[PDB]
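Peer 1: Sequence unavailable; structure follows:
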RNA sequence: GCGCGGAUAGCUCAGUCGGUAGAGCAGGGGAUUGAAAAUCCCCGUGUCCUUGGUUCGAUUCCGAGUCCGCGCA
RNA sequence: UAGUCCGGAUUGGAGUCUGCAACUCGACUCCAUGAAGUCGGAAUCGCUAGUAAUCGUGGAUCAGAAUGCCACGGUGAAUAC
RNA sequence: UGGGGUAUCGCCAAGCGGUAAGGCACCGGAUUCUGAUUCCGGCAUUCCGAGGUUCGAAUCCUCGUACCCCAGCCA
RNA sequence: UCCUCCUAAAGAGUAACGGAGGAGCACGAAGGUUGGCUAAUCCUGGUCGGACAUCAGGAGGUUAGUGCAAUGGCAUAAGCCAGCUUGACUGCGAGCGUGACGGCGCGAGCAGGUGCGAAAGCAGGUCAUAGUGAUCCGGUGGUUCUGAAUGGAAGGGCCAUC
RNA sequence: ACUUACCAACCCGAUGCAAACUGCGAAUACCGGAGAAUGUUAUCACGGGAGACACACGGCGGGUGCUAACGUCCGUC
RNA sequence: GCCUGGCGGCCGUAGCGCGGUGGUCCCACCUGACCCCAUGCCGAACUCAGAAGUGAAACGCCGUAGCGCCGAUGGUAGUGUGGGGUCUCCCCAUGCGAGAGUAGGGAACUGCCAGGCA
Ligand SMILES: [K+]
Ligand SMILES: [Mg+2]
Ligand SMILES: [Mg+2]
């Protein structure tokens, strides 16, 4: 709720100032933050996907939803309805708390941190990034890791254009190399 | 020789060839070789006539073959009885009605189009005529 | 679309009740009102209607659009419907879950005598 | 390699428009719901449409998809 | 084919049995179905996946 | 949220070497020691020493 | 006439989604040897039968021919 | 009793010396890295006593460059029917 | 033309729908004055080509190719 | 032998050693009901991650799906997911369709008992159309219906069934 | 990373073909209802007796064949 | 009378796209969620308690024909019956008569009930 209050005064005010909106509700707001961990090496092992699920359970504060295969493809030796990833849809209060931990303490603990790419918008403002280690979150115990498992974050927001998402995210200072 | 790359069924019924044609105006080019007789045209007759035209008006010009075979004609071998299945697909014909512009030509004078269309209409089994591109 | 999803949830029971030919009590829940109307078996003409936008109902309520308001509306439709000779209807929940205040409205219509 | 076909199932419209029926009479023995059930018409398990009340057969075209209903007028 | 025939016998004292077919290989468990018993005239539990 | 299927997500206090005492909700279940925060991380000096080579 | 197998280096033959022509022997040069054979290494100006066409490009794909061979009412 | 406080290869950085000149292409040093290797298949070699084994030291060539060569000593066996 | 069979490492030849086994050869080491023999180690075919069923094809189905075997008769 | 399309001439039916394909099952959930949901493919962004495994957004519109061929159907979904379940009931059945017949099919409703639903209601298997075999002879369970003097029994019948 | 006489997806514009293609769609035929005239009930049901179940050509619509046959297989007259 | 909401008739002359406008009420987004209830994670959806804020999105209304859609008249094709020929195809008398295309029409029309404003 720290960055939610910071949103409600200074980001709403700041973006009403920058872009010449009329409505106070036309301003972009971040809808949700989805944390995917598409493990894929669970075609042979179930405890590997269980450990992946424990890691997203630690990084967010929620159980993950173990996702199944939509189509069967033979390129990767999977089958229809076989469990192959896990995700957490963070929204509401926990979106802002995770977003605070993310841009505050998790992003600086990235190895060789140069900055987050500004051209990682999908055309509709929705950011998506990938971390390569789960170690960069302070909850994951470094002595209890077995496999290095990155994950991909996706901030989904209500902006129409992607420069409008540059503005929204950049008003949280959200590093942007 | 022209033949569809990939059919949907190998053997077609005979059916009949009635009524008039649909391709009737000289559409693409400027001069046209239009059918008058009914008949049907194998792929060898279309190729023979096209070589007569392409030779005749040399590698200048532009020639459109407005008909395409796409109808398989089956024959039974020699000293085979009647019955015991439908024959085998030997060639492919196009069914022609009176009015089909069989060929078009553009980029030549009219007198060479007369000449190539005479030269090539003597390789076809149907009575044929010369038409021009009329404007509406 | 939320409204269109609701209508395609409604449609099966709607067409089934038009097929049986029963007078239906159509409910309609909005974030601050509930609407209830009794519709003839031909589907075109209404008979009875009460809702929280009527000031006869709205003045005696704290807030239009909660379970007390919906119970008031169900009582009103049952009273007016019994005054106009209608006894036995079929409840068209109109795409909403029979859970919250549509359940309060329909229970309130069953207490006050309307047979379904 | 060929030479087989099934027995002909005798589908179609058994009672046409305006044709008086008894209750229970099959109207259209058919294969999907090419014709849908209307007023006083039932649809059987194999999509056979049968007269559920007495009357007259009424072929109609209703609804947003232009479906072909079959009603029965009470008569 | 592979799918065998079994008798669902009645749990009441009657000898009345329904009869049906079971895949014996994939479902080796017995089959209990509360069916209708017309001698008792009542819905009784039926057993005996043969 | 549902009942207890989720991990215990209790408010803790993180503190790094930048003097940034910051209390947050995190399901570690333990108070935290860090080095780098968003305040006083070598991001801009890092970009400068990156460009400053030739 | 119809159905087939052939024409690629001096000789005897390989060679399919079209990609700078392959092998053995022969021939030439080198190493080795007293010398040579042998052995080892290196080296192909081949209208890929002729001729047109397609392609950016044909031994290869299409159209037409020449010669050799095999079989046929 | 561990690929370990074994092993030191390899590689990055920083240097010293010789020499007009260490890139191809020296030697040595310091910090860091820390492979392969856990006693070696068929087979094969040396040694009969200050010997084998093992431990160091010196010299020639040489501005600088030896794990080689030529010498020197320390400890010091087993076995030969 | 029909019916049947085969195509798997350079060669001959095993493969059960979840992994490719044998011999000869070839490569490296050793024995030997040198070569053969011998001994010690290795490697090795994603399975004729295309499409399909399957979660999965050398394996199952269909088609094409190439080679074998049997039949192609009475008049 | 059976199913689907065409031939087949806009009702039905319609032949050939005519053109094309399939079946000789599966399922105790893949059936019943209630509540909900909506595909293929392509583009963009994104850790390993790749032409194609997961995530997010957009275009798109059912080009998808339907246990297995093809045709006709399907959004109110007949497609997809979950809760509870046994109506994959027993006796009948107005009326129809379809066959030379044997036979086959559709069926509102009535009675008894049941499931789901708050209720209206829906449920006598599955989206439909294939998944099959008359009679005799005989096997197993039930029912005194018969039971060659009589009481039983044997055998027979009837119902279920192999 | 730099050039290119070659081919070409999708999309758009224009042109054809289809028994197993249809966002269209006749004539006819068929089913049902009413009405007039005409017809030796021509109609239906039940019962006695059959015969026949090798068809042929000709028109029209077709399959097969070579739009060959005094061919073959259907539909209808 | 104008506007809005519900349930229908009708099923593209009714749908799309582009542009403008609306919020007093209504509607929608919204605010919050410990409770009723819910997520194979998540109050996103469902649900509940509300009403601060905005009509941005949505939805409605008004324009606009770029498209979809409707669509004559005439002619053409086909075809029932009778007749004819040069007869694998056509012609004549006669009855029916398209599909496509053209001119054009065209951004709906309407019933019941309820609420707000005048
Ligand atoms: K050679
Ligand atoms: Mg030669
Ligand atoms: Mg040769």
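Peer 2: Perfect, I can see it now. Numbering: from 1, shown residues only, chains lettered A, B, ... in the order given. Ligands and ions are numbered 1, 2, ... in the order given.
Peer 1: use CA for all of it now, contacts and neighbours both
Peer 2: Will do.
Peer 1: Which strand residues bridge the spatially closest residue to residue D:67 that is not a sequence neighbour?
Peer 2: With sequence-adjacent residues excluded and distances taken as Cα to Cα, 6 or more residues apart in numbering or on different chains, residue D:67 is closest to residue D:61, at 5.4 Å. Residue D:61 has these beta-bridge partners by DSSP bridges: residue D:68.
Peer 1: Which parts of chain D are strands?
Peer 2: Using DSSP state E, the strands of chain D run over residues D:12-13, D:20-21, D:26-29, D:36-37, D:41-43, D:49-51, D:55-62, D:67-73.
Peer 1: tell me the most buried of those strands?
Peer 2: The highest average neighbour count among the strands of chain D, using mean count of other Cα atoms under 10 Å in any protein chain shown, belongs to strand D:49-51 at a mean of 26.
Peer 1: Might you name the residue of chain A sitting closest to RNA strand I?
Peer 2: Using Cα to the nearest atom of the strand, the single residue of chain A nearest to RNA strand I is residue A:79, 3.5 Å away.
Peer 1: Can you report phi and psi for residue F:51?
Peer 2: phi -70, psi -30 (degrees, to the nearest 10).
Peer 1: Who are the contact partners of the closest residue to residue B:115 other than its chain neighbours?
Peer 2: Leaving aside its sequence neighbours, residue B:115 sits nearest to residue B:56 (Cα to Cα, 6+ apart; 7.4 Å). Neighbouring residues of residue B:56 by Cα atoms under 8 Å, 6 or more residues apart in numbering or on different chains: B:112, B:115-116, B:119.
Peer 1: and the gap between residue B:56 and RNA strand L?
Peer 2: 30 Å (Cα to the nearest atom of the strand, to the nearest Å).
Peer 1: how far away is that residue from residue B:49?
Peer 2: 10 Å (Cα to Cα, to the nearest Å).
Peer 1: Contacts for stretch B:119-129 next, please.
Peer 2: Contacts of stretch B:119-129 (Cα under 8 Å, 6+ apart): B:33-41, B:45-46, B:48-53, B:56.
Peer 1: Buried members of these into PyMOL, please.
Peer 2: A single PyMOL command selects the buried members of the contacts of stretch B:119-129 (16 or more other Cα atoms under 10 Å in any protein chain shown):
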select buried, chain B and resi 33+34+35+36+37+38+39+40+41+45+46+48+49+50+52+53+56
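Peer 1: now, which of the contacts of stretch B:119-129 lie close to RNA strand K?
Peer 2: With Cα under 7 Å from any atom of the strand as the criterion, the contacts of stretch B:119-129 include none near RNA strand K.
Peer 1: mind listing which of the contacts of stretch B:119-129 are in strands?
Peer 2: Among the contacts of stretch B:119-129, the residues falling in strands (DSSP E) are B:33-35, B:40-41.
Peer 1: What are the boundaries of the strands in chain F?
Peer 2: Here chain F has its strands, by DSSP E, at F:10-15, F:21-26, F:32-33.
Peer 1: Now tabulate these in a markdown table and tack on distance to residue A:73 and mean neighbour count.
Peer 2: Below are the strands of chain F laid out as a markdown table (distance: least, Cα to Cα, whole Å; neighbours: other Cα atoms under 10 Å in any protein chain shown):
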| stretch | distance to residue A:73 | mean neighbour count |
| --- | --- | --- |
| strand F:10-15 | 42 | 16 |
| strand F:21-26 | 38 | 17 |
| strand F:32-33 | 44 | 14 |
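Peer 1: sorry, back to before: give me the secondary structure label for the residue of chain A closest to RNA strand I.
Peer 2: Per DSSP: H, G, I helix; E, B strand; the rest coil, the secondary structure class of residue A:79 is coil.
Peer 1: What of the one 10 residues further on?
Peer 2: Under the three-state scheme (three-state DSSP), residue A:89 adopts strand.
Peer 1: so what's the nearest residue to it once chain neighbours are set aside bridging to?
Peer 2: Leaving out its chain neighbours, the residue that sits closest to residue A:89 by Cα to Cα, 6+ apart is residue A:34, at 4.4 Å. Going by DSSP bridges, residue A:34 is paired in beta bridges with residue A:89, residue A:154.
Peer 1: show me the contacts for residue A:34.
Peer 2: A:87-90, A:153-156.
Peer 1: next one: residue D:24
Peer 2: Contact analysis of residue D:24 by Cα under 8 Å, 6+ apart lists D:50-53.
Peer 1: Between which two of those residues is the distance greatest?
Peer 2: D:50 and D:53 (9.1 Å; Cα to Cα).
Peer 1: Please identify every residue contacting each of these two.
Peer 2: D:23-24, D:41.
Peer 1: filter those by proximity to RNA strand J?
Peer 2: Within the shared contacts of residue D:50 and residue D:53, those near RNA strand J by Cα under 7 Å from any atom of the strand are D:23-24.
Peer 1: Enumerate the beta-bridge partners assigned to residue B:91.
Peer 2: Residue B:91 forms beta bridges with residue B:73, as assigned by DSSP bridges.
Peer 1: show me the contacts for it.
Peer 2: Residues in contact with residue B:91 (Cα under 8 Å, 6+ apart) are B:42-43, B:72-74.
Peer 1: The same query, at a cut-off of 10 Å, please.
Peer 2: Counting by Cα atoms under 10 Å, 6 or more residues apart in numbering or on different chains, residue B:91 touches B:1-3, B:42-44, B:69-75.
Peer 1: Could you identify the buried members of those?
Peer 2: Buried residues within the contacts of residue B:91, counting neighbours by 16+ other Cα under 10 Å: B:3, B:42-44, B:69-74.
Peer 1: okay, now residue B:30: neighbour count?
Peer 2: If you count neighbours by other Cα atoms under 10 Å in any protein chain shown, residue B:30 ends up with 20.
Peer 1: roughly how far apart are it and residue A:111?
Peer 2: As judged by Cα to Cα, residue B:30 and residue A:111 stand 72 Å apart.
Peer 1: in the sheet, who's paired with residue C:25?
Peer 2: Residues in beta-bridge contact with residue C:25 (DSSP bridges): residue C:38, residue C:91.
Peer 1: correct me, but it touches residue C:87?
Peer 2: No: between residue C:25 and residue C:87 there is no contact under Cα atoms under 10 Å: 11.4 Å.
Peer 1: Overlap of the contact sets of those two?
Peer 2: The contact lists of residue C:25 and residue C:87 share C:78, C:116, where a contact means Cα under 10 Å, 6+ apart.
Peer 1: The two - which one has more neighbours?
Peer 2: Taking other Cα under 10 Å, residue C:25 and residue C:87 do not tie; residue C:25 has more neighbours (27 against 14).
Peer 1: any idea how far the more buried one lies from residue C:4?
Peer 2: 20 Å.
Peer 1: Most proximal residue of chain E with respect to RNA strand I?
Peer 2: residue E:26 (14.7 Å).
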